[PDB]
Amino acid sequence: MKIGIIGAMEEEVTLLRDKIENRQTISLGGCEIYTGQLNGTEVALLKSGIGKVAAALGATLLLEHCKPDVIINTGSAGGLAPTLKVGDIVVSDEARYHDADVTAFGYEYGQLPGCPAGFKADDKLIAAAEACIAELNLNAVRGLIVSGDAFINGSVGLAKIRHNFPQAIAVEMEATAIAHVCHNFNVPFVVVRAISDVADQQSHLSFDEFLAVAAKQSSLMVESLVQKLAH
């Protein structure tokens, strides 16, 4: 069993990267993939860069070159659900694009032609993540994560997301791209991220301040989840 892990930013992958034993580094297409064992389990960790296309490029390389059995997307997110504080965990049941609009041809808001309106995360990965949350006594929410190529910073950007996706629990910039690529290769995925900010007027200040705590909590979850999956 080989577990693929994807994060966008150096801060989001560095704790996991550090823990990999017998680490090898592949540099291809402007991204880096680190392979080796994480507490005895074979992993391939991708640092993709930021946004949908960087994520899509990276995930495609990871799937082609490493053939992981499952994909876990880790990192930070902007919290939208009202019980989420900085550091808390979000688990995708589904991912949708908040910025896709082909409604002129009668597609659902957020849906691209040839795609389901939302990409569903794997039930067994969701269950395993929730059992880790329980075992670690973390506060978490499971539900819809939305992605786009924008950093949400209150004002009209936040308002549009709340209007179109009132059920969305978090927002970020890669998860749905990863989900889309996994869907097209028929590879199971789950998003397990942690809250850095609440996507409001203060989100730019909060992000800087609390990225480290978000990277720490998400990385703790990914470690626990990898161990759980290896059994």
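In case it trips you up, residue 1 is the first one in the sequence shown, and so on.
Note on 137-145 vs 91-99: mean CA B-factor is higher in 137-145. Averaged over CA atoms, B-factors in the entry run higher in 128-136 than in the other of 128-136 and 71-79. Among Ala104, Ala159, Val86, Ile152, the highest C-alpha B-factor in the deposited entry belongs to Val86. In this entry, the residue among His65, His180, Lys47, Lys52 with the greatest C-alpha B factor is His65. Among all modelled residues in its chain, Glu172 ranks in the lowest third by Cα B-factor. Split the chain's modelled residues into thirds by C-alpha temperature factor. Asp122 is in the middle one.
Among the modelled residues of the chain, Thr60 sits in the lowest third by CA temperature factor in this PDB entry. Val191: CA B factor in the lowest third of modelled residues in this chain (values from the PDB entry).
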